[PDB]
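**Student:** Quick one: the structure is below, questions incoming.
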There are 2 protein chains.
Amino acid sequence: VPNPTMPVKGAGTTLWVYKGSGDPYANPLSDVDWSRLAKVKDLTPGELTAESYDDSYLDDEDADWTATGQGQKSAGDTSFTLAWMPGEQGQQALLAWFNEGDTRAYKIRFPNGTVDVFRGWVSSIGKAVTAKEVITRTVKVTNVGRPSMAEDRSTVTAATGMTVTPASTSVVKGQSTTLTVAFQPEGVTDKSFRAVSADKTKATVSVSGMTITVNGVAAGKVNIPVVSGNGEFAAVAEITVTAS
Amino acid sequence: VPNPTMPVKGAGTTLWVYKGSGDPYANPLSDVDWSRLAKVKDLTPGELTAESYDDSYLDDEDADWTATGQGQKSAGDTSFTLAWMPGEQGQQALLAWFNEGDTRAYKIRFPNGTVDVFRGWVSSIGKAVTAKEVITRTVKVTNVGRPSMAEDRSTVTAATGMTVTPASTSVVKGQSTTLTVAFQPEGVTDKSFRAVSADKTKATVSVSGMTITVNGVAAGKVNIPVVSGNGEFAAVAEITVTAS
């Protein structure tokens with residue numbers, strides 16, 4: 001249904017702020033570590049510009065027509081107003097973003113399946129209070145550096161398939177077992193995953209670089225659920241733990 | 001028979017115009033100086049309107065129901081239509097009223113002995129021509145200021161009494177006598193009067209503030225009439241003027 005080669009109606013556009021660590025430009029399709037800014041009244045994305053550089057010399061035969069070239073670009077000034085919910089995360093995190101000069105990353109997700117991720121710092125936080133109208137919070141973010149348009153991530157293989165094969169063997173205290181995940185639907189993929197223990201007590205799990213290590217902290221039958229990327233697919237694995 | 005505490009049938013309503021100086025609001029009942037607009041086909045009197053004003057503040061607790069108050073009143077635009085008699089004295093006065101921005105006073109007399117007095121300027125003058133139907137003149141008056149409704153007056157003592165005490169003696173050239181009129185039908189009165197001269201040769205009367213000065217311009221025997229208000233009561237006195 002989402003066709004990036006046909007015009008879209010705009011409704012359904014979403015705003016997120018990168019609350020994790022690492023490279024936000026790498027895999028922006030996944031929603032992991034992206035806190036959502038809900039209840040957006042209106043949005044005005046930044047306009048990439050370019051300064052004009054004068055490229056005229058004295059020797060240049062004839063000067064009837066001006067000659068110029070491109071200069072510095074300076075993507076900047078993405079603004080948006082949302083509803084005022086002072087006691088909800090994403091909005092408190094927004095005020096925290098304002099209170100230091102942090103240059104954080106933020107992404108805009110469009111209904112046609114494409115993403116536009118920028119990186120900037122908050123330069124304005126306002127508020128409009130009138131009767132018979134919901135109080136709105138207005139934000140403005142000055143963008144720094146080169147952004148990441150949706151015209152760069154034009155590959156998208158869409159995945160649509162994965163499997164999780166665990167060891168499913170008893171693990172003794174202090175020893176780490178390795179779990180396997182196949183995320184190769186014809187090889188090319190553009191998604192990640194995260195696995196989190198369903199009890200957090202009988203075992204400790206760690207997922208890093210396609211390496212899933214599970215340690216049998218306490219005896220029993222631990223269940224490790226894994227969810228891929230934003231959460232299109234998921235799986236459940238079991239690992240026994242023996243007291244001996 | 002006219003009972004202002006019971007509904008009336010509406011037949012017998014009359015239209016009058018105040019073609020004089022003074023306060024029409026003072027004694028509307030007295031038809032003195034009021035010119036009648038006879039042959040009224042129909043009449044739609046003005047509507048006492050009142051604008052709305054918003055009395056809502058931001059700090060007001062709750063706004064579920066609107067809070068409003070009275071604003072400006074602007075009562076006017078009473079219309080009527082009558083038979084078209086261009087050569088009639090009273091319709092030429094109406095055309096003169098239209099032809100300048102004069103804001104004159106007019107009154108409507110109702111069959112139950114009550115009067116509504118408005119003051120305004122003529123805003124629409126028209127005609128309707130059709131065979132088998134009397135040609136009609138249509139008028140519309142935009143009222144200004146506060147009217148004097150029939151509900152403002154509630155006492156009306158009805159008078160029912162007046163007499164005259166004249167000098168009824170000789171008058172010398174260059175010396176004027178005083179004629180007095182008693183208008184005390186048990187104290188309270190709501191009517192004025194006027195006096196005339198029969199010949200305008202032997203003597204003439206100056207009338208103002210109940211004071212009537214009769215001066216014998218020429219010798220002889222003259223009669224001075226007095227008429228109170230619309231003509232309900234009258235009186236006649238005799239004054240003699242001597243040559244020496």
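Going by the structure tokens order, chains are called A, B, ..., each with residues numbered from 1, while ligands are numbered from 1 in the order shown.
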Fewer than 2 positions away in the same chain doesn't count, so skip those; otherwise give me all residues within 8 Å of stretch 231-238 of chain A, counting only C-alpha atoms, as a ChimeraX atom specification.
**Tutor:** /A:161-166,168,221-229,240
**Student:** Generate a file of the selected residues that holds C-alpha atoms, formatted as a tab-separated table (two decimals), in the first residue's frame.
**Tutor:**
```
chain	number	residue	atom	x	y	z
A	161	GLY	CA	10.82	-13.32	7.42
A	162	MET	CA	13.14	-14.49	10.18
A	163	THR	CA	13.72	-17.46	12.47
A	164	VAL	CA	15.28	-17.99	15.90
A	165	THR	CA	17.10	-21.27	16.56
A	166	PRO	CA	18.34	-21.53	20.16
A	168	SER	CA	17.63	-25.00	24.18
A	221	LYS	CA	13.17	-22.88	32.45
A	222	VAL	CA	13.88	-19.35	31.24
A	223	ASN	CA	11.97	-17.97	28.25
A	224	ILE	CA	13.75	-15.43	26.04
A	225	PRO	CA	11.49	-13.42	23.70
A	226	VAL	CA	13.06	-11.65	20.73
A	227	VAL	CA	11.47	-8.88	18.65
A	228	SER	CA	12.87	-7.68	15.32
A	229	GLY	CA	13.33	-3.98	14.60
A	240	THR	CA	16.80	-24.78	30.75
```
**Student:** Using DSSP on the backbone coordinates, identify the residues of stretch 60-152 of chain A assigned to strand (DSSP E); present them as a VMD selection string.
**Tutor:** chain A and resid 68 to 70 78 to 83 104 to 109 115 to 128 136 to 143
**Student:** What is the Cα root-mean-square deviation, to one decimal place in Å, for chain A superposed on chain B with all Cα atoms matched in order?
**Tutor:** 0.5 Å
**Student:** Would you pick out the contacts of residue B:73 at 6 Å or less, using only C-alpha atoms, so that residues sharing its chain but fewer than 2 positions from it are not included, and give the list as a list in words?
**Tutor:**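 Residues meeting the cut-off are residues 49, 50, 51 and 75 of chain B.
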**Student:** Using only C-alpha atoms, determine which residues of chain B fall within 12 Å of chain A; present them as an mmCIF file with N, CA and C atoms, in the first residue's frame.
**Tutor:**
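Dumped everything to selection.cif:
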```cif
data_model
loop_
_atom_site.group_PDB
_atom_site.id
_atom_site.type_symbol
_atom_site.label_atom_id
_atom_site.label_comp_id
_atom_site.auth_asym_id
_atom_site.auth_seq_id
_atom_site.Cartn_x
_atom_site.Cartn_y
_atom_site.Cartn_z
ATOM 1 N N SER B 56 -16.843 36.974 28.603
ATOM 2 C CA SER B 56 -16.079 35.783 28.946
ATOM 3 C C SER B 56 -14.603 36.133 29.056
ATOM 4 N N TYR B 57 -13.967 35.667 30.126
ATOM 5 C CA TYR B 57 -12.554 35.893 30.373
ATOM 6 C C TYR B 57 -11.814 34.562 30.359
ATOM 7 N N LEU B 58 -10.513 34.632 30.064
ATOM 8 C CA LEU B 58 -9.696 33.424 30.035
ATOM 9 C C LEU B 58 -9.643 32.760 31.404
ATOM 10 N N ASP B 59 -9.502 33.555 32.464
ATOM 11 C CA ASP B 59 -9.384 33.017 33.812
ATOM 12 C C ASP B 59 -10.706 32.521 34.379
ATOM 13 N N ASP B 60 -11.817 32.741 33.679
ATOM 14 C CA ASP B 60 -13.110 32.269 34.155
ATOM 15 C C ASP B 60 -13.097 30.756 34.319
ATOM 16 N N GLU B 61 -13.590 30.287 35.462
ATOM 17 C CA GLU B 61 -13.692 28.854 35.701
ATOM 18 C C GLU B 61 -14.735 28.260 34.762
ATOM 19 N N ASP B 62 -14.299 27.302 33.938
ATOM 20 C CA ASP B 62 -15.094 26.570 32.951
ATOM 21 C C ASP B 62 -15.629 27.487 31.853
ATOM 22 N N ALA B 63 -15.877 26.918 30.674
ATOM 23 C CA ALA B 63 -16.460 27.656 29.561
ATOM 24 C C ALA B 63 -17.475 26.802 28.815
ATOM 25 N N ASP B 64 -18.146 25.894 29.524
ATOM 26 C CA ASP B 64 -19.063 24.968 28.871
ATOM 27 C C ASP B 64 -20.282 25.682 28.303
ATOM 28 N N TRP B 65 -20.746 26.740 28.962
ATOM 29 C CA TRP B 65 -21.905 27.495 28.512
ATOM 30 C C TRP B 65 -21.519 28.950 28.294
ATOM 31 N N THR B 66 -22.037 29.533 27.217
ATOM 32 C CA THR B 66 -21.698 30.904 26.862
ATOM 33 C C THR B 66 -22.237 31.887 27.892
#
```
**Student:** State, in Å with one decimal place, the distance from atom CA of residue A:35 to atom CA of residue A:181.
**Tutor:**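 Pair atom CA of residue A:35 / atom CA of residue A:181 returns 26.2 Å.
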**Student:** What lies within 10 Å of residue B:97 using only C-alpha atoms, ignoring chain neighbours under 6 positions off, as an MDAnalysis selection string?
**Tutor:** chainID B and resid 91 103:104 121:122
**Student:** Just N, CA, C and O atoms for this one: save the residues we selected as a PDB file, in the first residue's frame.
**Tutor:**
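This is the output file out_17.pdb:
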```
ATOM      1  N   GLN B  91     -48.716  65.024   3.626  1.00  0.00           N
ATOM      2  CA  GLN B  91     -47.848  64.184   2.812  1.00  0.00           C
ATOM      3  C   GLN B  91     -46.724  64.992   2.179  1.00  0.00           C
ATOM      4  O   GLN B  91     -45.604  64.489   2.032  1.00  0.00           O
ATOM      5  N   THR B 103     -34.406  64.897  11.811  1.00  0.00           N
ATOM      6  CA  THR B 103     -34.827  63.816  12.700  1.00  0.00           C
ATOM      7  C   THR B 103     -36.026  64.323  13.492  1.00  0.00           C
ATOM      8  O   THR B 103     -35.884  64.930  14.553  1.00  0.00           O
ATOM      9  N   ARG B 104     -37.220  64.070  12.967  1.00  0.00           N
ATOM     10  CA  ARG B 104     -38.437  64.569  13.585  1.00  0.00           C
ATOM     11  C   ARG B 104     -39.092  63.489  14.439  1.00  0.00           C
ATOM     12  O   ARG B 104     -38.764  62.303  14.360  1.00  0.00           O
ATOM     13  N   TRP B 121     -35.581  59.575  11.390  1.00  0.00           N
ATOM     14  CA  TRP B 121     -35.471  60.174  10.069  1.00  0.00           C
ATOM     15  C   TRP B 121     -35.960  59.197   9.011  1.00  0.00           C
ATOM     16  O   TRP B 121     -35.808  57.982   9.149  1.00  0.00           O
ATOM     17  N   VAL B 122     -36.541  59.736   7.945  1.00  0.00           N
ATOM     18  CA  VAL B 122     -37.104  58.905   6.887  1.00  0.00           C
ATOM     19  C   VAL B 122     -35.968  58.307   6.070  1.00  0.00           C
ATOM     20  O   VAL B 122     -35.125  59.032   5.528  1.00  0.00           O
TER      21      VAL B 122
END
```
**Student:** For a quick check of understanding, using only C-alpha atoms, which of A:167, A:81, A:178, A:53 has the smallest distance to residue A:68?
**Tutor:**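 Closest to residue A:68 of all the choices is A:53.
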**Student:** Assign secondary structure with DSSP using the backbone only, and return the residues of stretch 13-228 of chain B in helix (DSSP H, G or I) as a count of residues only.
**Tutor:** 12
**Student:** Skipping near chain neighbours, those fewer than 2 positions away, what residues fall within 7 Å of residue A:215 using only C-alpha atoms, listed as number ranges by chain?
**Tutor:** A: 174-177, 203-205, 213, 217
**Student:** So which residues touch stretch 142-153 of chain A within 10 Å, counting only C-alpha atoms, skipping near sequence neighbours fewer than 3 positions away, as a ChimeraX atom specification?
**Tutor:** /A:4,24-29,46-48,73-79,103-110,113-124,156
**Student:** I'd like to know which of B:135, B:241, B:33, B:154 is closest to residue B:5, using only C-alpha atoms.
**Tutor:**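 Of all the options, B:154 lies closest to residue B:5.
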**Student:** Expressed in Å to a single decimal, how great is the separation between atom CA of residue B:112 and atom CA of residue B:195?
**Tutor:**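 One can read the atom CA of residue B:112 to atom CA of residue B:195 distance as 29.0 Å.
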**Student:** Closest to residue B:139 among B:45, B:220, B:2, B:7, using only C-alpha atoms?
**Tutor:**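 So, comparing all the options, the nearest one is B:45.
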